[PDB]
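Student:
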Amino acid sequence: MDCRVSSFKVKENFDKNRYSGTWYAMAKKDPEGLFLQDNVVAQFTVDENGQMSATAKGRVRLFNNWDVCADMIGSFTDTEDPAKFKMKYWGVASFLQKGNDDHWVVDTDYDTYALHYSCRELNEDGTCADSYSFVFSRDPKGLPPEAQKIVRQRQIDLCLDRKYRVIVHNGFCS
Ligand SMILES: CC1=C(/C=C/C(C)=C/C=C/C(C)=C/CO)C(C)(C)CCC1
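Whatever position you read off the sequence shown (first residue = 1), add 1 for the deposited numbering.
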C-alpha cells in the first residue's frame, strides 16, 4: 500500500483528441477549502496546434451561502508525460478563483469514463497532503455496473477510497 504521489500510474499514451468533448462529473473527492459543488460539466477541446483547453460549469457556494454558477476556463501545457498536464484556470467573473494545479488523467476509456487527480500539496514523505479528484462519464446517466468496478479499483489504488461523493445535476445552471 504505497500512497506516494510519484508512485501513482497514469494513462498510457493519453490521446488528447479522443478525450475531447463533453464529460459529466459523477463523483468527486474534495480538497481543502473552497471548491465546485454540483451540476458540474466540463467541455474539452484541442486546437490545431495541439493545445488543450476546457470550460466548466458548476454550482459553488461562497462566503456564506451564495450559490452562483461558476463558468471556469482552463488551459493545459504538456509535460514529459502525455497524461500529466499543468492546468491554469480562471473564471469569466473576476471574484472567482484563478490558479495553477497539476491535472493528471489516471485512467480513461474515452468512450464512457475518465478518472482525474490533482495533488495541491505534497507531504514530507511524498504522499499527498491536500488533493481532489473527479470521476467523469460520457453519459449523464452514469456508469455500467461493470465500469463502476473499474472506477472503484482506481480510487483504492489512489488511496482516496471511500472519500468520493456523488455529484448531482438538477439544471441549477442550465
Ligand atoms: C478548469 C476546469 C476544472 C476545475 C475547476 C476548479 C479548480 C474550479 C474551482 C473554482 C472555485 C473554487 C472558484 C471560487 O470562487 C476541471 C478540473 C474540473 C476540469 C476542466 C476545467
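Where a beta carbon is used, it is the ideal one built from N, C-alpha and C, also for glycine.
Just to confirm my understanding: we take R5, look at its own chain, exclude 5 residues before and 5 after, and list those with CB closer than 6 Å. What are they?
Tutor: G127 and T128
Student: Our contact map puts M27 next to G143 with C-beta atoms below 8 Å; I'd like the distance itself, whole angstroms only.
Tutor: 6 Å
Student: By Cβ distance below 6 Å, which residues in the same chain neighbour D68 in space, the five residues on each side in sequence not counted?
Tutor: The answer, listed in chain order, is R60 and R62.
Student: Could you tell me whether the Cβ atoms of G100 and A71 are closer together than 9 Å?
Tutor: no
Student: Considering only the alpha carbon of each residue, which of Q38, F77, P141 and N18 lies closest to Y165?
Tutor: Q38
Student: Cutting at 6 Å between CB atoms, please list the residues of its own chain near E33, excluding the five before and the five after it.
Tutor: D131
Student: Determine the DSSP secondary structure at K150, reduced to helix, strand or coil.
Tutor: helix
Student: Starting from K17, trace the alpha helix (DSSP H) in both directions and tell me its first and last residue.
Tutor: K17 to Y20
Student: Would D31 pass as a contact of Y133 if the rule is Cβ separation under 9 Å?
Tutor: yes
Student: Between which two residues does the beta strand (DSSP E) holding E49 run?
Tutor: Unbroken run through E49: none, as it is neither H nor E.
Student: Where DSSP assigns a beta bridge to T56, which residues make up the other side?
Tutor: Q44 and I74
Student: Could you have a look at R139 and say whether DSSP puts it in helix, strand or coil?
Tutor: coil
Student: Have a look at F96 and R163 and give me their C-alpha separation to the nearest angstrom.
Tutor: Using only the alpha carbons, I get a separation of about 32 Å.
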